[PDB]
Amino acid sequence: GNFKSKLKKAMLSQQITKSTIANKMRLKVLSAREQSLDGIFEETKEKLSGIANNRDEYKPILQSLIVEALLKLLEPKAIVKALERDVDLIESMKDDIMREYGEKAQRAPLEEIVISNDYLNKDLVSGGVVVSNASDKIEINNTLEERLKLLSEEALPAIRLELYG
Amino acid sequence: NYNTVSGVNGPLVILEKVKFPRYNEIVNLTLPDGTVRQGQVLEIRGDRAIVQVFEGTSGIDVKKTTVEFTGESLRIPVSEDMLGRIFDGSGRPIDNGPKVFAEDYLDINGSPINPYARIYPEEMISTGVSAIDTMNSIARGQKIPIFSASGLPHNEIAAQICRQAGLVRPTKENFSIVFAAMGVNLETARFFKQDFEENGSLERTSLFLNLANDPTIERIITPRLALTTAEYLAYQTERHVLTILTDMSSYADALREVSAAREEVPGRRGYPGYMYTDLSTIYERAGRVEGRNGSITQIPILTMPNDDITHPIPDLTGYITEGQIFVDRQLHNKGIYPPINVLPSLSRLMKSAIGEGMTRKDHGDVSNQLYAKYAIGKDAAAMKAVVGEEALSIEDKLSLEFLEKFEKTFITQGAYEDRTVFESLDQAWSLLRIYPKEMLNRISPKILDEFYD
Amino acid sequence: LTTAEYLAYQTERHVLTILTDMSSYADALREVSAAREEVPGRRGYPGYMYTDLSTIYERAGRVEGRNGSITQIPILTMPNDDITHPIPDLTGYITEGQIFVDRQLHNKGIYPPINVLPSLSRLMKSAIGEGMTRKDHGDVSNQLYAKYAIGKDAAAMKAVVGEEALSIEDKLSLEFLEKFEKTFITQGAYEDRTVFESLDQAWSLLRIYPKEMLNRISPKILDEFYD
Amino acid sequence: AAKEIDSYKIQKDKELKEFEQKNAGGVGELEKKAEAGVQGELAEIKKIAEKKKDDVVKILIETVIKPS
Amino acid sequence: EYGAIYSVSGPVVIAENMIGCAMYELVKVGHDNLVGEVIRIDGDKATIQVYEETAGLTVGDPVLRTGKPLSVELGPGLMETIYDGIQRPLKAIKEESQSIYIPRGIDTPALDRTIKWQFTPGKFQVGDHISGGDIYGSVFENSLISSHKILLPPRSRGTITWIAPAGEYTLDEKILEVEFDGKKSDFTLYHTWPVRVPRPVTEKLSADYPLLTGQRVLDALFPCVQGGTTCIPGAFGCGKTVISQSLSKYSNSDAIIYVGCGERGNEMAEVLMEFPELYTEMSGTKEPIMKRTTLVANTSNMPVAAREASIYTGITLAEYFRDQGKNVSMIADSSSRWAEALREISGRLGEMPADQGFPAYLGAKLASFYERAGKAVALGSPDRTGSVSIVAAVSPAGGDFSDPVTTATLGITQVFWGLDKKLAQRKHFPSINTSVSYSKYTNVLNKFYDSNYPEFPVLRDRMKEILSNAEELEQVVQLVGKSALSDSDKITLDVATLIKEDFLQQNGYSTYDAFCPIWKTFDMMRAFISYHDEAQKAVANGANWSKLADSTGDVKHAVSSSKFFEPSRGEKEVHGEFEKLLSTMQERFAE
Amino acid sequence: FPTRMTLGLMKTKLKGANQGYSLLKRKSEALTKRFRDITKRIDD
């Protein structure tokens, strides 16, 4: 009886070790799949970094993004924060931005656009824009990294549905 | 993202310079110390908005804080990879695993089943317990609670039930369950973890663990995530979903705390007035869907305060859920196996799993007869304890010994011991033999002649 | 309180504080709390009243390095003859021991009706003994209390089956109770008895009982007292 | 009677140790195969990683002009 | 931003220009800089609640905000120092101000910055990767325990650059310079941690390590493992102080953290006077017991904020000592006072009461305080193991168990040991009800004690069932009679009376009966079980009860001496007596 | 029905029933002893 109890305990330890090994295997599979997803996100981030290396292509995209951000603002005076490299480009596009803002909404004209003297870090931000009001109370993120990270939420399910069926 | 905030009072938050806020919308709160706390929107009036902080308003600057509003309602990252993996009350992995890939993002609030689309509880299941079979039957897909007391073996009984569930059920595709805890003890958490580990169902089940050390909001939101998970499992995954929830009392007291903190109009016993509907939200979510395979069976576990069955918690629980399994502290101090009170404990529909074509037609009548003999035995026990042992008739002492034997044998089996339905019916047939022939008036002649050896 | 404090920490002298009608001061404090238009608590009383009493009864005690000591003995009338009142419950766990009053003995046409059963003091252990009061103090106190209690039980028993069923210790406790009630308990309005006179009267009243009638007394004390 | 009892006890202990040894061997073999299965799953996940690399190129290209 | 009070209502004061300040943040009100706490915040005007007297505070007086929440200083100089609910020394207040009273608005440091200590880097060099909780050095504080480990403060991770060790420095001096991702940062031997936030640790674990109470009944019936939680009654005059002191002295823990809520002045003064009188018994005799322990005392006159949050500070200090990888214990006397203070705080917060005048956060706060204890592994490279043993006392107003405090105490604590005044009035040792005693930690404690094969659990459950049978026999004795029973019942009654005398009763006044070793209690239970088994065997052998009771008297007299004769180094001496009991059986097989 | 006066009357009746229970108990004991002595005397 005692030997049967001890044998049952040892067999229970064996089944527990088997369940732990199975849990480690499932955790390894999950870690591998997550490494694959993070790898795909890494390749997508590389493609995004490569797409942000073209100024000619990003110019009109920056204009459209600034227009879309201004449409989500509708403030009389708009404060804009951008990277140091996009400073001159945005400064030259100021008139085009005002014209595009006036064309987008004629019920809410744009009085002034204030360019912040604080530029985003070159290492931290590879591109994008930052929109804000005159009082800087509300802010919309036009940044590429933020847009991609936020999109990834609803994109992951769709990408998985496409790839894995 | 709005960095503008106006006032701060207690455990809440109020912001301005915003518009078109959504009820119970997901909102990210970035504090001055860099701490990122998730929160939900409470109400919105004009250009002003009011929301409740989950992580608390303690240690937060007014003008140094930023807030990002998603605008979408409460959203959870449900998936098919949740099986085998453990999650916390905040949705974050408690298994120390990598990022969980969401198959679908759905509201954790849950959608009420349409009456016409709602299917009645059917078939049956084997819980491994005689009282969970004979006295009160448990249908598959139905909803019944468990009322226990503090200090009693509630965790042990729940562990035994969860362990013997899928084991005994196969004698009637393995059964899949879900473990959920809200504001529970660390010791009870370790006990439940060791229970799920011993049962080995942890691989086929999911776990939502909200510690008592964690906030009340996360604990209350744990039930929603578990509800959405079980719903996705019983609909999208098309599998059998068992719902195991514990420490409902903590969530109730926390709910009363949240209701009082907002200075809202309280209901009975200082609780909320919407408490009935609040419980009925996840209570009426259980059931069967016509045309859809699988079902969600709700097996909640609650603890009545100060072992009081007259407590508002148990009353509202019974007013929400249909039927319950009561655990009395009177038989808990007897040293016998787990103390289920046959009188107070009952099932909503015990006639669905009864009758011919399912198991046997001798089930229900034997249940009624056994309940009658047990109740008569209890009354006779009271009378015997009152007047005396020599002041009672023969039927009184007979029913007394029968009830005592029913408590010592039928009611007492074991935690790791799962009694088959056949063994339960046989033990019941042997239990009825203890009583006289004219003792049971709830039994038919054919069953009486068939059961009696 | 400030007056007593000034004569203690500064003047260094023994002081004694006495407060009358603390219930009236409780209603007064209730009006003062209502002056701020604050929402009252249970039975129309402030929730900070516990701290209010904690800012009062804490003014009594002995100071280290100071010869002068200040003692306080407050008094409060229980509303509707009920000890369930918030005031009594507040002073109960705060102060050490409480002196109650029996309305029956007060209606019995006797001297001050302090029930020996309810009467207790936690610091009573340090207020007696050799060098303090007497070595016969505590023992005879407990013996007298036991005599009154057992005398009361015997009084209830004798009111049931009669005086014919009276036992030895029962009758002894009855006589002791009647005596203590008509002698020991009764003092007077202007009457002040010394501790020595109190102990002497206690021993004299306990002399009605035999030597083996007291199980609460020690052999050495009984040998050094009875004469 | 005592010798047969001690022999049966030694036999039971030997069978128990044999059971533990069998459990050890089985656990070892299972742990050996698990890594292989995880390797193959990693290979399938790698091919899927290439297909979803192309798919990530397309997805990023689609998400680039999204900012309208 | 410096605040200026635009409103004063009672103890509450609202100050504008407070926008810089945050919620639940301490502040200095008026020119006297009185201690206060910020309740709400509306725009630039925050509503703060002063815990001290609002008298003397006027308009125009600048209000300075601390900019942070309530915290405490963990490190060297903390030990051997008495403190209040606000964490301030009373003795230093009496030494400096030279007054018997404490003025309103006065402030003093918890740890002495004027005390020079000799510190030395133990396991930390320059260039090594370290984090929060990792020991950067060791400094000797008390005269008993080994040098208190100075560890890298929380939320600090980087490489060490300039170490000021070894050398002599105060607590206000930075002993290290750490280089993090935030570049240059300064670190000292003393740290500051929030009172509402438990001390950070590496990993949480379950406690299999039994804590020695030193009492026989305490270690046998309701044993409390190190890290475990136990509760008892707060009744005065029941001799609870003796049990508490004996538990603190005979504890196997390294340090002891005592945190009071509120009580009578005489009791607090008695405890304060009897505190330093205790001496150690480890290395013969080190320093006083107050040296390796911390004391926080708050009278009834103390603030409610210094009451309900006192347990948080005490637990913070206990966990701070547990962050050094040392087993500690937290003692709480009269928690019902902290509960009532929490009720007054609830009334002051405007929160609607739940039941019987209890707050809404009652259960949450109770569970939060109960979950702070336990045995775990602290954070940092050191990876030292530690524990915190929670011990609380409940002293309800009405004494009813229906009270919220009682229900919460019984619910949170897995171990509840009742203290009956009648049991103390029975002319016996420390009062505990055998009927109401229960514990849920028995299983793990038994499984853990089986490793050393020191098993109480068998004899514990056996003596429990024996106590139940003796209880039924006692109920039958008051029903029919004691002379109408059988031999087994009489033997059970005699064994029950014997166990309540030479076993359960242990005098703390004596030398060998003060602290009962594990081997001593185990040998006692073993000898008792041997006597009961021998009596039961002799009862079935056909031996008379009278002749046996007459012949075995010597065995009982010898077994009664097993509670004495000091040191158990020769515990085998008792085993021989057990053999003599078997000889007593042989004496029952003859006559 | 739920009044403080009713609670007082119920409590008073409860205490009176308790004292009456004690008195009836002691009386039952005395009656038991008396009936026992009278029983031995009846046998004699």
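The rules behind the values
Residues numbered from 1 in each chain as written, not as in the entry; some residues may be left out. Chains lettered and ligands numbered in written order. Part of a larger assembly, values for the part shown. Heavy atoms only, no water. Residues with missing side-chain atoms left out of burial classes, pairs and counts. Helix = DSSP H or I, 4+ residues; strand = E, 2+ residues; numbered from the N terminus. Contact = heavy atoms within 4.5 Å. Pairing = 2+ DSSP bridges. Nonpolar A, V, L, I, M, F, W, Y, C, P; charged D, E, K, R; others polar. Axes fitted to C-alpha atoms, helices over the stretch in contact; angles between N-to-C directions.

This entry, as listed in the PDB, derives from X-ray crystallography and reports a resolution of 7.0000 Å.

Chemist: Can you help me understand the environment of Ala-470 of chain E in this one?
Modeler: Residue and element names in this part refer to chain E. Assignment of secondary structure puts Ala-470 in helix α12 (residues 457-477). Sequence separation between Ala-470 and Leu-152 is 318 residues, and the spatial gap between their C-alpha atoms is 58 Å. Each residue touching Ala-470, except ones within four places of it in the same chain, is listed here: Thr-492 and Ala-496.

Chemist: What am I meant to see in the arrangement of the chains here?
Modeler: Ranking the four pairs of chains in contact by contact count places chains B and E at the top. One finds no contact between chain A and chain C; the C-alpha atoms of the two approach each other to within 38 Å at their closest. In this assembly chain A lies apart from chain E, the nearest approach of their C-alpha atoms being 14 Å.

Chemist: Looking at this structure, how should I read the sheet that holds strand β16 (residues 183-187) of chain E?
Modeler: Picture the strands of a sheet paired through backbone hydrogen bonds; they go either parallel or antiparallel. All names here are of chain E. The strand order β10-β13-β15-β16 describes an open sheet built from four strands, whose pairing is antiparallel. Edge positions in the open sheet fall to β10 (129-130) and β16, since each of these has one partner strand only. Both β10 and strand β13 (residues 158-163) contribute to a ladder of two bridges, which runs antiparallel. Bridging from a neighbouring strand, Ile-130 pairs with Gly-158 of β13.

Chemist: Looking at this model, I keep getting lost on the interface of chain B and chain E. Mind explaining?
Modeler: Where interface size is quoted, it is often the accessible area lost as the parts come together. In this complex, chain B contributes eleven residues to the contact, which on the side of chain E involves nine residues. At the level of elements, β1 (7-8) and α5 (248-261) of chain B are the ones that each hand at least two residues to the side of chain B that touches chain E. When grouped by side-chain class, the residues that make up the side of chain B that touches chain E number four nonpolar, five polar and two charged. Bridge count for β1 of chain B against strand β4 (residues 34-42) of chain E is two bridges, and the pairing is antiparallel. Note on β4 of chain E: the bridge partner recorded for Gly-7 of chain B is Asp-42 of chain E.

Chemist: For this particular structure, what's the right way to read the sheet that holds strand β12 (residues 148-151) of chain E?
Modeler: All names here are of chain E. Taken in spatial order, the four strands make up an open sheet running β12-β11-β9-β14, and their pairing is antiparallel. Because the sheet does not close on itself, it has two edges, and the strands there are β12 and β14 (167-169). Shown here is a sheet whose adjacent strand axes are inclined to one another by a mean of 40°, direction ignored. Bridge count for strand β9 (residues 117-120) against β14 is three bridges, and the pairing is antiparallel. Paired with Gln-118 across the bridge in β14 is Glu-168.

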